[PDB]
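Scroll down for the structure; my scribbles are underneath it.
No value in this document is a laboratory result; all are computed from the given coordinates. Positions of Cβ are generated from backbone atoms using ideal geometry, with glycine treated the same way; all protein chains shown enter the neighbour counts.
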Amino acid sequence: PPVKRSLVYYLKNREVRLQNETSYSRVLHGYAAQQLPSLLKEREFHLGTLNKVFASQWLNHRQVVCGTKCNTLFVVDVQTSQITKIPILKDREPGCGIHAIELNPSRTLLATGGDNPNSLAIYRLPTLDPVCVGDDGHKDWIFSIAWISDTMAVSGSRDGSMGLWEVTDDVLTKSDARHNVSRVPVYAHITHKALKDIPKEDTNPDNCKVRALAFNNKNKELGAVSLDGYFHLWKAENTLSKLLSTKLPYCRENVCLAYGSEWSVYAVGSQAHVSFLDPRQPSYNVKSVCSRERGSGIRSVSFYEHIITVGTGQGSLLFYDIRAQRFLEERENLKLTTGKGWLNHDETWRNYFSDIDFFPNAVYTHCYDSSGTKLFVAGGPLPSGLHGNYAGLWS
Amino acid sequence: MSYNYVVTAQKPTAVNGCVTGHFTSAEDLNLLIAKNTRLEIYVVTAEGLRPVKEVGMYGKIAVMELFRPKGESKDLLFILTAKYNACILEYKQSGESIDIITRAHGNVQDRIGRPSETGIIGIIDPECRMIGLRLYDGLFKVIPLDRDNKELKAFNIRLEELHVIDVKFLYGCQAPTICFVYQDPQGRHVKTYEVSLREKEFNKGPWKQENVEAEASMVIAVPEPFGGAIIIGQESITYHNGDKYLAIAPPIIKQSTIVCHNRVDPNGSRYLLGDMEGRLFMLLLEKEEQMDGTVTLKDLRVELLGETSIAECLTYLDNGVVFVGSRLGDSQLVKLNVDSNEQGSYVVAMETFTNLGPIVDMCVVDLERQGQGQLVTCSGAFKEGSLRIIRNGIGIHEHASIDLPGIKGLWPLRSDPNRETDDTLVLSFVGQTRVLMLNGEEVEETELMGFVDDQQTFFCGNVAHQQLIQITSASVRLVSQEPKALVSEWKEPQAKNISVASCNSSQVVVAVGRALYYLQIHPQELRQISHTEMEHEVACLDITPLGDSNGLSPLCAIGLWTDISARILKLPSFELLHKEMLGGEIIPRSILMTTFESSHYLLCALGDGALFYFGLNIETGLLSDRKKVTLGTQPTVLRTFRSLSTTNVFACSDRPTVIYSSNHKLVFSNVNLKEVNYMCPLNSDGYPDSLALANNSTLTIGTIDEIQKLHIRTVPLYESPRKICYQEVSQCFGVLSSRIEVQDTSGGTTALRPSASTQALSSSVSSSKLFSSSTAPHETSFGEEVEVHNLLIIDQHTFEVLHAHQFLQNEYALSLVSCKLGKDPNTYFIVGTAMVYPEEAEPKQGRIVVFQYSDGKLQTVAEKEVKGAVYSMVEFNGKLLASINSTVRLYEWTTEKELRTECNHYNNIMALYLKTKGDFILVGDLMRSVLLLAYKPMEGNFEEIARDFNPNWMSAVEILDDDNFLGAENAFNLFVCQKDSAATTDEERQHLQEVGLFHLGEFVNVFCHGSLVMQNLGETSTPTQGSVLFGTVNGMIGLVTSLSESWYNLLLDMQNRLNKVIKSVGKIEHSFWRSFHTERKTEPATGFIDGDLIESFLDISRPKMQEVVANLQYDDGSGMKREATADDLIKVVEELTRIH
Amino acid sequence: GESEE
């Protein structure tokens, strides 16, 4: 007996409740993942004078949190186009911007860079109340975060260290007991459960920066990508423990990492190519697809069923199909391109970039909502000397 | 903002759960049945199922279980809704009042959790220590059954096994013990745990994990003395208990999947098993009793009993009777015999319960072309598939018809003094009288001795002292029953002709001009007592006996020719007790006094078809509680009748009506008759409890059906219908349907059973070449079930299958429309089809076929190949608009009779639904909600105007008006979009706003514009405007209509007030129940009035009505607001009850 | 082309 995969059976069975199965779940979403990219249209938002958006996640069907190079943390109501700023959490001590935002699997805790970029800030969801202090575990900025459980998060940094943090019930109850007594919010205290550095390779021993993290829930692995071109895999069942290290086929701008749970494949961005790695495979068994957007860099990547969505410095999003092993074509690779957003004609632009009226808004972050039909895209100009933001909702 | 009123026209009928136990008492056996939101409680009796109580819960029922904690005298009932409201319910009766009392309740939803893929499961331990609920993967939620746990507080035990298929509590274990089948990467396994309430965790179970059949699914816990568990797969049945394992694999079960079970014997010796095809099996456990006193299973045996309706749940009741609850067809009560029949089956049907569900399609038509509307639905699936013809009003069976034109009235007579049955029926004609002899069911024209043949009879009937009376224009004649001869005659002193007459057991009243004469009936003698003169000429009079009186009445009701009024006179003196003005332009033609459920009422009808009815106080002759209902446009005649063991009133008109009482309230329903002028009751030895209805040309003799708001007629197809449309030109319905055939070793396919598509009066097969160039790689596989599709052409009058046309191999007929195209005067049936193969996620090939039905032959006019499946088609301005996969396309009909593409739209994921009005197209998407397109004839293309950006999985769509669009979604929620006329920017204009959200609790298959009550024909006095019917998978029919702002505010205020007075079962908040709900978001209901709640205002007693009304400001239409009285909302609500 | 961090 062959597998019944036809969507006509799903529709006609649904009309009868004739066991329209959960078997079709991968058919329905896989079909949508191929259809959506050509149906999307841009609705830009005006964020004012914020510097760049570096991280973003959906908090609700209606709201997206965004972190910025200005260190501002803010929320967009994408239905009303309304911007709400959030207080930035300070450290245990009275001593860049927000390069990473992450949600724990149960969506009760949000993890961001703090007022100190070296320090992890935790907020309570959905309210955005503070939970705990900015720490002093890292000596430099937090580049990436990954919630390996509802209580445990790993955080990378420019010094190459990986802090493992656990928000225990005590941390929550101390935050809540303190906020009920003191009208001014007072944090709970935190420290890393363990602090481990990535193995130092023959490459520059200071350039051990861990730029991206991704969690494989199936095997309880944490994958990690450094900017020296090396990929690392760690077991994350209970505590951060090394499994293997593999050198990536490309060692340039390895800034984003995503994991396809339906493929057991890690997608790794680079200055030009997306690489598809499987740590259980031989090191030569790696697929590499060239974006051809050469010189602009891949800046964000994610899996939607069997489709990879790739944001780039050419302010453009490509879509790639694993099963077909090629880009989606337009109804000639299909690509969206961001609008102009807003640029600040500041002194640096005046001196070095004044000869250019328009720059592409690099997609530093993108994410699909829970329905799988809306794609939030945000970023800013590629050059570090340029100040100005871009955001919009594609639907 | 849009304002919409939504009400249920037909309650859901498909069963989704059933249980048996001692719930209403410690002694009675009950069957509790759950149909979506409705809980129905029956008492099991030797005769059948006797309903006691029915309850609408503010929630869709998912779990329903009877249980009995220690110290309870009778079972308690646990219910969990799909919104996770949980409650424990107790049934209590005090005197005549029955209430369902919530002992405990609480919402048991968890903020995080994947809802489990085998659906909600809920189970109760055999000693009632806990309820265990499998709501989410990886978690087992336990509710301790502490008698003090008034709030259903619960804790979760984490479960290592994520994907759990079925779970049961085992019997005989000391600790409550959970046994379940779960699916590992290595296959399916049986595992057990002991459940600790003190530690709130799982402990190692009493026996080891076992591998089981890969298709193992259903788990049957086995009671003592056996203990253990039976596991049921696709091929085998296995028993596990401790170390013992015992398995059988009967070939007799391998053909169909077992879907449900029910324990026959309290000791576990026999179980019923049911399956996908409706085959009912008995599984028997052969036991060996050992010399040490223990009991062990010896072997398992499976036997086939026969076929039933497809079972959703079985329940063995008692005495061999099984309730076969069915979701896909009519539910059945069946009896199991010891000895098989000639066909080898032991199953004999006892009773059948109508199920409209699932309603996959419908249309509203006027077969009588009257403009009322009857609704014809595609219902059921597989061998249960049928058409149902649904019509608001009361049915009649014609048993005889006689050519007797010009009848001016009818009356029964019993000429044989030894008979209670009618033996004679008198026919009134102008200038003559004729008599029908009644001999069984046979009826013949004759003459009755003592009666005048050359005069018009205005009344006759049986009277006291074993005599008959005939009242004719010239005289009043008393005729004895024996020897059928005149005994006395009375004549009017002024020698004027009688125009109206009425008589009972002893009283005679005749109207002669303005004079009313009263006579007494004595043995062989008539006597005049008194007479009066009315101010105006009498148009009608009635002295029909009331209540339990022995054919007597102290009152006479009359109507007049001049002042258009009704009056009550006291006999014999004809004293005026009450005068009531009827109004209108046309005089009363008939007046009637009747008794409804022992209550006394007066009815009077005008020649304009208007009917006025009043409560009647006999002692004082006064009228009260006056109400007006228009029945027709022609003069109406009011008469009593006896049938269904009750007394009621029939109104003869161009729109004949039966007036009947329910719960001491009058209900007026149209009758399924073309026309009636006069009538009388009939009670012969062949026609007991019957009617004689005289129309313009013939006399119709017959019986009334059960008095139901909607009458339903069933036409079984024995195969699944898919779409229906009506072609008036050919007097035919077109129905897409399909049957399952099994592919044999010959490579061909054979039908499992005969069905409408093979049993047709003629048939044809698609002779198309279009897809001959390619075949599926699995086209030659064996044993695979293949669905074979047909277009049936069905006679509108007989419902016979006039023709059946078969589609290609592997071709699905998806959509059907009947319309005229272009300038072509021919009406065509247009079918959209698709080629379907299991290995393809989406179809790449399909075609549109234009058929014409003429001279008994369905002819193919044209074929068009399309690269995709045709999901929907509509007629759009003489052009054919079709949804093909992800695109919407518009076809022009050429003079060569071929379709030609003009324009299209590509902005969809999958366009499943199409509705149009004017130049506007509403398109429903698989995932992206609804979008609005418009056709621009000047450019010859489509332009997208606005769309809803809130993602929604559409099940149906409809256009309510130009700006307001109605959607239905997979999660049982209805919503209204509105074009944003307030928009000032382009981005705002392109967004449709949600101006209403409402959780309906049904999956809606189809929306249709129409009504089952007579259309308004331009009247604007109705507070509601527009009428959209909809059908659901549970067989529920609902109605949506629009409200003006003032009505919306009045009813919304009233709605919030009702929710503070009427306490629901389970104590579930109405605002929570109706709030829009999905995995992604929850929102309060707005823009919609719950008509099922508003109408409940007429059920609550006045003491509670006054609580709702007090301090409410009401606009009486003057524009001024005044404090409302109880009867102000009653009037408003009763008007709302007339829309369905 | 002064890429961010």
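Quick notes
- A:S106, sole failed condition from (1) within 14 Å of chain B (Cβ to nearest Cβ); (2) more than 23 Å from A:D150 (Cα to Cα); (3) in a loop (DSSP other than H, G, I, E, B); (4) small (G, A, S): (2)
- Screening B:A9 on (1) touching a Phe, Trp or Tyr at 6+ places or on another chain (Cβ under 6 Å); (2) part of a strand (DSSP E or B); (3) surrounded by 17 or more Cβ atoms within 10 Å (Cβ to Cβ) shows it passes everything except condition (1).
- Residue list for segment B:379-391, restricted to those being closer than 14 Å to B:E368 by Cα and of a type outside the set (A, V, I, L, M): B:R391
- Of residues in segment B:692-732 being within 14 Å of chain A (Cβ to nearest Cβ) and assigned to a strand (DSSP E or B), the one farthest from B:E784 (Cα to Cα): B:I724
- Strands (runs of 3 or more DSSP E) contained entirely in segment A:140-209, each with at least 1 residues that are small (G, A, S) and touching a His at 6+ places or on another chain (Cβ under 8 Å): A:152-155, A:161-166
- Elements of the type strands (runs of 3 or more DSSP E) sitting completely within segment B:965-1020 and holding at least 3 residues that are touching a helix residue (DSSP H, G or I) at 6+ places or on another chain (Cβ under 9 Å) and away from every other protein chain (no Cβ under 14 Å): there are none.
- Residue, surrounded by the most Cβ atoms within 10 Å (Cβ to Cβ), within segment B:876-933, restricted to residues that are among the basic types (K, R), more than 14 Å from chain A (Cβ to nearest Cβ) and not in a loop (DSSP other than H, G, I, E, B): B:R889
- In segment A:217-259, the residues that are of a type in the set (S, T, N, Q), assigned to a strand (DSSP E or B) and within 22 Å of A:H273 (Cα to Cα): A:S226, A:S245, A:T246
- Residues of segment B:578-619 classified as assigned to a loop (DSSP other than H, G, I, E, B), on the phi < 0 side of the Ramachandran plot and loosely packed, with under 13 Cβ neighbours inside 10 Å, total: 2
- The residue that is nearest to the other protein chains (Cβ to nearest Cβ), among those in segment B:844-870 that are of a type in the set (A, V, I, L, M) and outside any loop (DSSP other than H, G, I, E, B), is B:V870.
- Residues in segment A:241-257 that are surrounded by 21 or more Cβ atoms within 10 Å (Cβ to Cβ) and away from chain C (no Cβ under 14 Å) were compared, and the one that is nearest to A:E102 (Cα to Cα) is A:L257.
- Selection within segment B:1072-1099: residues that are surrounded by 15 or more Cβ atoms within 10 Å (Cβ to Cβ) and among the β-branched types (V, I, T). The member of this set that is nearest to the chain's Cα centre (by Cα) is B:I1094.
- The one condition from (1) within 13 Å of chain B (Cβ to nearest Cβ); (2) over 19 Å from the mean Cα position of the chain (by Cα); (3) crowded, with 18+ Cβ neighbours inside 10 Å that A:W58 does not meet is (2).
- Near pairs, Cβ below 7 angstrom, 6+ apart or cross-chain, from segment B:765-784 (more than 19 Å from B:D744 (Cβ to Cβ) and more than 14 Å from chain A (Cβ to nearest Cβ)) to any residue that is surrounded by 12 or more Cβ atoms within 10 Å (Cβ to Cβ) and basic (K, R): B:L770/B:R847
- Within segment B:620-639, being closer than 20 Å to B:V538 by Cβ and part of a strand (DSSP E or B) holds for B:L623, B:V637, B:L638, B:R639.
- Looking only at segment B:1085-1098, and only at residues there that are in contact with a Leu (Cβ under 8 Å, 6 or more places away or on another chain) and of a type outside the set (A, V, I, L, M), the one that is farthest from the other protein chains (Cβ to nearest Cβ): B:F1097
- The strands (runs of 3 or more DSSP E) falling completely within segment B:733-807 that include 2 or more residues that are crowded, with 18+ Cβ neighbours inside 10 Å and of a type outside the set (F, W, Y) map to B:785-795, B:801-806.
- Restricting the first member to segment A:129-143 and to residues that are within 14 Å of chain C (Cβ to nearest Cβ), and the second to residues that are of a type in the set (D, E) and surrounded by fewer than 22 Cβ atoms within 10 Å (Cβ to Cβ), the beta-carbon pairs closer than 8 Å and six or more apart or on different chains are A:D140/A:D159; A:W141/C:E5; A:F143/C:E5.
- Qualifying residue in segment B:481-500 (condition: crowded, with 20+ Cβ neighbours inside 10 Å, of a type in the set (V, I, T) and not in a strand (DSSP E or B)): yes
- Residues considered: A:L89, A:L50. Of these, the only one that is more than 10 Å from chain B (Cβ to nearest Cβ), over 20 Å from the mean Cα position of the chain (by Cα) and crowded, with 20+ Cβ neighbours inside 10 Å is A:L89.
- Candidate set: segment B:702-720, residues that are crowded, with 24+ Cβ neighbours inside 10 Å and of a type outside the set (S, T, N, Q); chosen: the one farthest from B:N810 (Cα to Cα): B:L717
- All strands (runs of 3 or more DSSP E) inside segment B:66-140 with 1 or more residues being more than 14 Å from every other protein chain (Cβ to nearest Cβ) and under 31 Å from the mean Cα position of the chain (by Cα): B:76-81, B:85-94, B:97-107, B:121-124
- Residue in segment B:822-843 that is hydrophobic (A, V, I, L, M, F, W, C), within 14 Å of chain A (Cβ to nearest Cβ), assigned to a strand (DSSP E or B) and within 33 Å of the chain's Cα centre (by Cα) present: yes
- Residues of segment A:13-51 that are in a helix (DSSP H, G or I) and hydroxyl-bearing (S, T, Y): A:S25, A:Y31, A:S38.
- The residues of segment A:12-35 that are within 7 Å of another protein chain (Cβ to nearest Cβ) and within 18 Å of B:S886 (Cβ to Cβ), listed by number, are A:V27, A:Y31, A:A32, A:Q35.
- Residue in segment A:377-393 that is of a type in the set (F, W, Y), in contact with an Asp or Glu (Cβ under 8 Å, 6 or more places away or on another chain) and on the phi < 0 side of the Ramachandran plot present: yes
- Among the residues of segment B:131-155, the one identified as more than 18 Å from B:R68 (Cβ to Cβ) and β-branched (V, I, T) is B:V142.
- Against the test of being over 29 Å from the mean Cα position of the chain (by Cα) and part of a strand (DSSP E or B), the options B:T296, B:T315 yield a single qualifying residue, B:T296.
- When residues of segment A:36-47 are limited to those that are under 21 Å from A:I322 (Cα atoms) and crowded, with 19+ Cβ neighbours inside 10 Å, the one nearest to the other protein chains (Cβ to nearest Cβ): A:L36
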